[PDB]
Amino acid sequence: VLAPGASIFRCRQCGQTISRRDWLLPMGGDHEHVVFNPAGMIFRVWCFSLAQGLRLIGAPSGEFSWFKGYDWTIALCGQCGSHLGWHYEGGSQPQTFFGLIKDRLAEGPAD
């Protein structure tokens, strides 16, 4: 298409470039996974094969992982520090991916 308006995802709080709709990843047959943490917070997580502009904090943990066989690290916006989701590693097909919180991103046109 010409002039697509739903191409890239930016940090909602600051505008840092984070990911792309083309990089959505259907984990378990769906890119969307609705999950809760031990504090009871519900997240609509979109899985992406790739992302940029984040800062991955600390070492991986398997504790409470929403995705079998993966360990996670918190992913902050590398610009403003907003908690955007998690990076998953240590698993299989794929070894790694990102789970980002949908409502913490803004979607819009490319570049």
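Residue positions are given as counts along the sequence shown, with the first one as 1.
Peer 1: Determine, for stretches 74-82 and 30-38, which one has the higher mean CA B-factor as deposited.
Peer 2: The entry gives the higher C-alpha B-factor average to 30-38.
Peer 1: As stated in the PDB record, which stretch has the larger average Cα B-factor, 97-105 or 5-13?
Peer 2: 5-13 has the higher mean C-alpha B-factor.
Peer 1: Grab the CA temperature factor for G69 from the record and place it in the lowest, middle or highest third of its chain.
Peer 2: According to the entry, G69 has a C-alpha B-factor in the chain's middle third.
Peer 1: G58: which third of its chain by C-alpha temperature factor?
Peer 2: Highest third of the chain for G58's C-alpha B-factor.
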